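Coordinate analysis (summary)
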Amino acid sequence: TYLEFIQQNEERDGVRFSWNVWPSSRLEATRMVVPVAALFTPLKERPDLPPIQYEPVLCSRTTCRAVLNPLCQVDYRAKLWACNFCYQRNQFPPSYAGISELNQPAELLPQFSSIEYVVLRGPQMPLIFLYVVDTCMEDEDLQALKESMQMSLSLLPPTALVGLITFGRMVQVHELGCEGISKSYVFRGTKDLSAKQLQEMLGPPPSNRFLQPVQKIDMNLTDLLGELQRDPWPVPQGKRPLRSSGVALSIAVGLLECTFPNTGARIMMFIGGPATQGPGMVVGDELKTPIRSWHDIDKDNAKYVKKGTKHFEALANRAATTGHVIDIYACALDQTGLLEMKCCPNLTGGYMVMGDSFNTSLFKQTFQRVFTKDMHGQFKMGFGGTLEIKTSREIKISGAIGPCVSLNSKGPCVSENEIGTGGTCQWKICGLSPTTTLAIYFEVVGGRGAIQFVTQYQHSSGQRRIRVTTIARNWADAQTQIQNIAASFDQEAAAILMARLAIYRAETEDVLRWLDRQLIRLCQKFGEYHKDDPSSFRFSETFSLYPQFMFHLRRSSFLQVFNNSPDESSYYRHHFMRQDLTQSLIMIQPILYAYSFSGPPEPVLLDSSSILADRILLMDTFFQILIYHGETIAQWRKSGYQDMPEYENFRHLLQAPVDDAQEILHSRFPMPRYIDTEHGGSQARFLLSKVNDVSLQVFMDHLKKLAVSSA
Amino acid sequence: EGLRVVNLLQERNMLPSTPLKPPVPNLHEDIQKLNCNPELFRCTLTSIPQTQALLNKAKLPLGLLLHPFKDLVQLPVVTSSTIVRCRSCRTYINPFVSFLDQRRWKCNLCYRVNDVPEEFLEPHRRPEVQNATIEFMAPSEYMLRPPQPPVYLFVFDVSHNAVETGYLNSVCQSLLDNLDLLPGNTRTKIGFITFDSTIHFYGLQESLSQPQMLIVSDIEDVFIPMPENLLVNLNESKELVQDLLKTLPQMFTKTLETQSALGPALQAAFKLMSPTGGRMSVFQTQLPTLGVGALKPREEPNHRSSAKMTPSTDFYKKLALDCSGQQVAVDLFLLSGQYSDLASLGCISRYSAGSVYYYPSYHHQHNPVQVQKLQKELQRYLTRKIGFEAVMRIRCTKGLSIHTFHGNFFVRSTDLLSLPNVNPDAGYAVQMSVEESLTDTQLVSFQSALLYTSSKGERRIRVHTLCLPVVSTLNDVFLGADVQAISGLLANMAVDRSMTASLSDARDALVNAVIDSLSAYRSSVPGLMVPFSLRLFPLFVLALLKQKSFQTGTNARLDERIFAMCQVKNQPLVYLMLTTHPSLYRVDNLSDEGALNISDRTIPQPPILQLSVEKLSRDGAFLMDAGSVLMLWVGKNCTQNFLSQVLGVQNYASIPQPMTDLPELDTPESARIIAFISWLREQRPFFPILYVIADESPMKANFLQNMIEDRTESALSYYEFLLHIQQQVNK
Amino acid sequence: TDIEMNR
Amino acid sequence: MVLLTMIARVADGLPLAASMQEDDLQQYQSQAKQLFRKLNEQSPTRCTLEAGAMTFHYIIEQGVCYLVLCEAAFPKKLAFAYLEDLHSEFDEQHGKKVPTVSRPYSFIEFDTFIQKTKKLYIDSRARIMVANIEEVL
Ligand SMILES: [Zn+2]
Ligand SMILES: [Zn+2]
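Rules used in this analysis
- Residues numbered from 1 in each chain as written, not as in the entry; some residues may be left out.
- Chains lettered and ligands numbered in written order.
- Heavy atoms only, no water.
- UniProt positions renumbered as here; feature names shortened; annotations may be inferred.
- Domains from an automatic or database assignment.
- Contact = heavy atoms within 4.5 Å.
- Salt bridge = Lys/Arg side-chain N within 4 Å of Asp/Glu carboxyl O.
- Polar contact = N/O pair within 3.5 Å; in protein donor to acceptor, adjacent residues only side chain to side chain.
- Helix = DSSP H or I, 4+ residues; strand = E, 2+ residues; numbered from the N terminus.
- Donors = N, O, S within 2.8 Å, 3.2 Å for Na, K, Ca; no water.
- Tetrahedral: all angles 85-135°; square planar, octahedral: opposite > 155°, others 65-115°.
- Buried < 20%, exposed > 50% of the residue type's maximum accessible area, 1.4 Å probe, protein only.
- Pairing = 2+ DSSP bridges.
- Axes fitted to C-alpha atoms, helices over the stretch in contact; angles between N-to-C directions.
- Buried area = accessible area lost by both parts, 1.4 Å probe.
- Nonpolar A, V, L, I, M, F, W, Y, C, P; charged D, E, K, R; others polar.
- Core = buried A, V, L, I, M, F, W, Y, C linked by side-chain atoms within 4.5 Å.

Comment text from UniProt for chain B, heading Sequence similarities, reads "Belongs to the SEC23/SEC24 family. SEC24 subfamily."

Chain A has a UniProt comment under Sequence similarities that states "Belongs to the SEC23/SEC24 family. SEC23 subfamily."

1. Examining the domain arrangement of chain B
Residues and elements named next belong to chain B. Each assigned domain of chain B is listed here: domain 1 (1-21 + 471-581 + 711-731), domain 2 (29-35 + 75-131), domain 3 (36-74 + 132-139 + 385-470), domain 4 (149-384) and domain 5 (582-710). For domain 4 versus domain 5, the separation of C-alpha centres amounts to 36 Å. Contacts between domain 4 and domain 5 engage 8 residues on the former and 10 residues on the latter. The interface formed by domain 4 and domain 5 holds 0 salt bridges in total. For the interface between domain 4 and domain 5, the tally reads 1 residue pair in polar contact. Per element, the largest residue contribution to the side of domain 4 that touches domain 5 is 7 residues, and it comes from helix α11 (residues 368-383).

2. Re the coordination of the zinc ion (ligand 2)
All names here are of chain B. Looking at the metal site, the zinc ion (ligand 2) is ligated by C86 (SG), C89 (SG), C107 (SG) and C110 (SG), spaced 2.3 to 2.6 Å from it. Around the zinc ion (ligand 2), the 4 donor atoms are arranged such that angles at the metal cover 92 to 131 degrees; this shape is classified as tetrahedral. Counting gaps between the donor residues of the zinc ion (ligand 2) yields the pattern C-x2-C-x17-C-x2-C. Since its relative accessible area comes to 0%, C86 is described here as buried. Under the relative-accessibility criterion, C89 is labelled partly exposed at 23%.

3. Side note on the coordination of the zinc ion (ligand 1)
Residues and elements named next belong to chain A. Taken together, the protein donors to the zinc ion (ligand 1) comprise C59 (SG), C64 (SG), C83 (SG) and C86 (SG), at separations of 2.3 to 2.5 Å. Classification of the site at the zinc ion (ligand 1) rests on its 4 donor atoms, whose angles at the metal span 101 to 130 degrees, yielding the label tetrahedral. In primary-sequence terms, the residues that donate to the zinc ion (ligand 1) follow C-x4-C-x18-C-x2-C. Across this residue pair, the class does not change: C83 and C86 are buried.

4. So, the sheet that holds strand β22 (residues 428-434) of chain B
All names here are of chain B. In space, the 4 strands of this open sheet follow the order β2-β4-β22-β19, with antiparallel pairing throughout. Both edges of this open sheet fall to β2 (41-43) and β19 (400-406), since each of them pairs with a single strand only. With direction set aside, neighbouring strand axes in the sheet form an average angle of 25 degrees.

5. A word on the interface of chain B and chain A
Counting from both sides, the interface comprises 23 residues of chain B and, opposite them, 17 residues of chain A. Both faces considered, chain B and chain A share a buried interface measuring about 1900 Å² in area, 54% of it formed by carbon and sulfur atoms. A per-residue breakdown of the area chain B buries against chain A is headed by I215, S217 and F223 of chain B, which together make up 28% of the total. On inspection of chain B and its partner chain A, the count reaches 3 salt bridges. Across the salt bridge formed by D221 of chain B and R188 of chain A, the nearest N and O atoms sit 2.4 Å from each other. Elements represented by at least two residues in the side of chain B that touches chain A include exactly β13 (212-216) and α6 (234-251) of chain B. Here the side of chain B that touches chain A takes 5 residues from β13 of chain B, the largest share from any one element. In terms of residue class, the side of chain B that touches chain A is made up of 14 nonpolar, 7 polar and 2 charged.

6. Structural notes on the environment of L653 of chain A
Residue and element names in this part refer to chain A. Within the element layout of this structure, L653 appears in helix α19 (residues 648-667). The spacing of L653 and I633 is 20 residues in sequence and 9.8 Å in space, taken between C-alpha atoms. With residues up to four places along the chain from it excluded, the contact list for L653 reads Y595, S596, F597, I616 and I633.

7. Some thoughts on the UniProt feature "binding site: Zn(2+)" in chain B
Residue and element names in this part refer to chain B. Here the UniProt feature "binding site: Zn(2+)" sits at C86, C89, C107 and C110. For the residues just named, distributed over 25 residues, the greatest C-alpha separation is only 8.8 Å, placing them together at one site. With respect to the helices and strands, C89 occurs in the loop between β5 (77-78) and β6 (98-99). Discounting chain neighbours no more than four positions away, the residues touching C89 are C107, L109, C110 and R395. Mapping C107 onto the fold places it in the loop between β7 (104-106) and β8 (113-115).

8. Focus: the sheet that holds strand β5 (residues 64-68) of chain D
Residues and elements named next belong to chain D. Read from one edge to the other, the open sheet built from 6 strands follows the order β2-β1-β5-β4-β3-β6, with strand pairing classed as mixed. Two strands bound the open sheet, and with one partner strand each, they are β2 (14-19) and β6 (130-131). Relative to β2, strand β1 (residues 5-9) is paired through 5 bridges, and the arrangement is antiparallel. Counted as the bridge partner of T5 is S19 from β2. Set on the sheet, helix α1 (residues 25-38) makes contact with β1, β3 (46-51), β4 (54-61) and β5; between it and β4 the angle comes to about 30 degrees.

9. What about unusual backbone geometry?
Residues and elements named next belong to chain A. Here the residue pair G278 and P279 is connected by a cis peptide bond, since its omega of 0 degrees sits within 30 degrees of zero. Relative to the helices and strands, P279 is located in the loop between β13 (265-271) and α7 (294-298). Of note, the phi angle at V57 is positive, near 90 degrees, even though the residue is not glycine. Tracing the chain through its elements places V57 in the loop between β3 (37-40) and β4 (73-75).

10. Some thoughts on the pattern of salt bridges
Residue and element names in this part refer to chain A. Summed over all chains, the structure comprises 68 salt bridges over all chains. A salt bridge links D134 to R243; the shortest N-O distance between them is 3.5 Å. An identical accessibility class is assigned to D134 and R243; each is buried. Within this structure, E10, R16, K44, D490 and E492 form a network of salt bridges that share partners.

11. Brief notes about the UniProt feature "binding site: Zn(2+)" in chain A
Residue and element names in this part refer to chain A. Per the UniProt annotation, the sites labelled "binding site: Zn(2+)" are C59, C64, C83 and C86. Taken together, the annotated residues stretch across 28 residues yet fold into one region, lying no more than 8.9 Å apart by C-alpha. Along the chain, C64 falls in the loop between β3 and β4. Leaving out residues up to four positions away in the same chain, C64 has contacts with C59, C83, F85, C86 and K390. Each residue touching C86, except ones within four places of it in the same chain, is listed here: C59, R61 and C64.

12. Concerning the nonpolar core
One finds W19, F129, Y131, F442, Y546 and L559 of chain A together with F156 of chain B to be the most contacted residues of the largest nonpolar core, which totals 201 residues. Here this core gets 11 residues from one element, more than from any other, and that element is helix α13 (residues 491-506) of chain A. Setting aside chain neighbours within four positions, we find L559 of chain A in contact with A502, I503, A506, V511, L512, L515, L553, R554 and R573 of chain A. In terms of nonpolar packing, the next biggest core, distinct from the first, is built from 181 residues, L45, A269, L503 and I708 of chain B among them.

13. Some remarks on the interface of chain B and chain C
On the chain C side, the residues contacting the 13 residues of chain B number 6 residues. Of the roughly 910 Å² buried where chain B meets chain C, counting both sides, 53% is carbon and sulfur surface. Considering only the side of chain B, the residues that lose the most area to chain C are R90, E141 and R393 of chain B, jointly responsible for 42% of the buried surface there. At the surface where chain B touches chain C, the tally comes to 4 salt bridges. For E4 of chain C, the salt bridge identified is with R395 of chain B, shortest N-O distance 2.5 Å. Linking chain B with chain C are 8 residue pairs in polar contact. Mapped onto the side of chain B that touches chain C, the elements with two or more residues apiece are β18 (387-396) and β23 (443-454) of chain B. At 3 residues, the largest contribution of residues to the side of chain B that touches chain C is made by β18 of chain B. Taken together, the residues of the side of chain B that touches chain C sort by class into 8 nonpolar, no polar and 5 charged.

Take a look at the structure:
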């Protein structure tokens, strides 16, 4: 089954292509409506695969150097192997001398396409965590933040180094455990510092006066975090506090840049408001004037945006180059400046968390999930990820989209048409988790094409690791080319890969126009129909959901930025450019479950029609979990047959969706905002705005008309 | 008495055995008796020449020396509902006014007649006219702003070398010991700053477990790091500051910092006080070499280098003028074992009315002497009274004009001496000239007024008034000459001559004053003849010429010379004299011709000896009173009685090398000597340390550099000096 | 107009 | 919305207590002292003067005037709350001795309370009559 195929391959190799059969002719490759692409998840979790503690075994050919895999042609008699990429014949390493048919290397078995190796030869570097705390906020919000940070500290590894930077008007780099005094270095949050400057101004396992091992500093740090007080500087009437966000962050990057360059480090910045005293400034201290809105940005009424944006982009590139991750945790009612800072967590594989207040379960729980561990009590985070892709000669790489940076490498694998971060064969990914999902765009320049994803990274344990994934897909049979290809289509994967591109061009500016010309080009090439006859159009069960996915995506909050704040839009796209397929789909097309006495919970169309009065709805907008009570059921809740032991039945119904909302409302990293509403409730809007040019019906009709007409 | 002429070449024993006393103006009885105390105010010429011509003929400088804020026993404090002051020149109603219409008074300075308000009533019996020294309570218009609170800011250098000297401990120890004695009420504010290559602020909040060391590393762009707890309220934070004082010493032991950024540090210190003003105490141990204010090292001279002084930069002068404008005074504590260019650093104190303290080669283990000395100088420093945001003016009767001022302060518009801080140990001098013949008058007056804010937030005006007679005869001018006052005023003059020209010129000008005065005398009357009043003139000048301030052939170092000049410029007349020409007494044989009047204490009064090694004796013991310290020299062949009954040793050989003081033995000899020493110390409020260390071979016999009457390889002997003077006098 | 004067 | 606080006896305008922090004061200080002189047994017991960028806010109780300057933009509502606070404290502390003193600033030490109270109003994170001062003067 083509479905069982798509499924098993995503499980084994954490990959999902737009097409599993590829063009074998230059004429069809160029006429590919949706590009040959993949949703790649370099560190996907699975059935406890056995780690290889022996070197991987590379090919002997300067340029190639592909890793020995199941596709390689082996010859146990002559202790030789042929690289399936450059055909180069290779001798086995001495430790492979005992090689035999009845006991052969794991990397050759098809079950081990996708395998991990460990390299041990250099003393491992300890992880590094740098807290960068804002102090311009309310007492309750700050106390919450401190408790949140003290907790995270008890979860850290003994050998991990820690550092603390606090800010408000000034910026304080704390020298940890200086006994009986507790000192820090103050800097004006009014002017930036490179790193060479900072270094000169500031002066067996490594460490600094500023970055010390947890086991030796945890108590002092736990106390300092506990005594942190709000910015001493008073905030005059009608004024915002002076917050030097941009300089504090530039000082954090600089500190690490000159202390531990090129090693896993996590710069976690906690924000309570926007930067008001740039570099990095996002607004002025006059409360009179509001923080830019998208409207403001379109009518050229936002003097700080571009300048501030430029500041965090340089920082993002500074840290991403050094191999350091930047997390931004922002909590406040008004906006924070996420739009201007987004690149920091985006280029590096840093996290972006947004909430109303640090003193909420929403934030608290989302923050500790960050330190979630695996069956070995080890963080589900990787640092300094270097992704390298090997392709058959017939294949080239256009580019990638997602959390990563180009290492600007050159080779015959690089294609002319660059997409997202492309024109390279290697990408850095300062921060990665078992969830990170990149998008790789390829171009076609017996059968079977091959691609090898080589990912090297620093494990939480400190070990250097190399994940290897070698997939293979059939070259389309010339005597059926388009038929074989159309059967291999992965509508979901294509929706997200196409969606990925649209959001990329938008956040890098019509986009909806491009999305449509392709949806139409797809209908004409793979649909069924009599020209000039709309009612005749149909799609295989292989393509039928694509238009609908397209519908929802073009009305989604990802391309219709208004009705949302610039920060909210940056937050949304952030999570959508990292997510794996399934999560991505939900983001684009929220799932909807219905609950009623007549039958068990069942999914239902995201249509207004699905909103009944005697039904409870559960909507999952990846970002939010919402429970709606039909008019009828709202009364029964109001006139509460609460303590009526008579209605144990009415109790099961009311909590059915609630139970289901518990489960998911945990496994999900960014904890979703929970919403309990009903007909009449003001919050029902979220449901009413996701459901339903206009409707899908009309949308579809217009599509069929255009599809059966001119090409 | 005696209007007799003296031949310095025949007496050669002029120096009296009793302490010298200031001359008594030739005034009527009733007037002289109200005159101002001479330890406070005084003149080079008690008989003011009537004309500039007459003054010039006498070839003697005309000027005043003063100690305006000197600690007194009894001070008349008027709380007058109104300050009576002449409506023209604004002079304070004093005891030397002319009361006529018994409802109208004649101002003794500008002669105008004023009306005595119906509040001043026998108006002549009023305190303001029965006292030359008096303190007034200033009304609201005598203050540009609410009385500032008392603010103390201690700025410590913590460089590697600073750490090695180990002074921070005692300083902190003294502060702890004297926290409650610092002048001031509940409004007192105290702060602390340390520094090396960076500036270290210290926040103190009761809410926090421990003090915060806020460090600014931007040396070219200093700034205050916090707004509320750097200058804390002592009363409320006593505890908090006490921990800090106990913590600081232990904070830099392992320091590797080698450079000191004194400039930036002081600028930061400035910004922190700029808002209230106050007193900044700076403790530096080496040449500044980092940041603005940087100073280049210099090579120390030697007994070989000729007379070929001034600041190498104006940074510290500019900074002081700024401190001054914000009512900030800066006291400098230099405890350096190497050249530190005090010639440039001093400026931070001179122009801000501060004062510099020098402890050469200070070390906690190696230099026990500098250690005890700092201790006692800090004791006085930290507990003496203090006045804030003050100004002073010296007014003199019409005809007379002040043209040059001497001392640490800043001169606003002529005679508006700006004094950010005013201490009871600072002395001042002034140079006047007769701009208008005093033919009209027969009496002239001088009035100085000190306007300041007390440690208790009260504006006060302390006033002194001196009245002197006018004379029109060369002879009368000489009869009133105050030899010590002239010595003092000449030193100040000589110091400026040094800065302004060279040390040579300064040394010549000094010798010329003696020559020209005596020469002028002679041309108005075989051997060197001088009037009685000037019989010690050549002696005190020679003394002045052999002092570390002007001496030449010596092996003296730069900072020492400058520090010496700093003292001439800021020290009260008496200490200037005790230092230049220390009092020498024999002390291994004291007896009963003393002040055995003091109820249960006798107190021998041994005769004063002239500063010649010929007055010594290898069989005795001699004490030298040099004002700031007391050196007891013991002879090699001293008696056993003095060794065991006074020193507590059995033989000369075992007299402990550095001996910081005498033991108190149960012996009459000890009681006699301890009595004498203790009386000497009671004659001043700055406890002078004593040290016997002056053995006949402690290589510390720097007791001799004071026998200013003997000849050195590079200095004339008292007698040679007289010989050289006489050769010129009648050339 | 200096301070210790009053004129 | 900054500082300058003076407490003076109305009759003679005798200064009783004040508090100022810069890092000009000179001008507004004179005007304030001008006001005190002018104020008498007939003057308004609560007033707010307009002096440009600045705005004076005073109140009179028991022959004593509580004055305060600040940028006009400053809440007139808070200004008087600040004075009342000072009054009760002062009256309770020195209200009865006020009419016997003769020296200026006989209560300089009230300096402390004035400033600790001051911060509780110059920082949003803690929470009559009008005439252009120029006239009265
Ligand atoms: Zn190969
Ligand atoms: Zn007069």
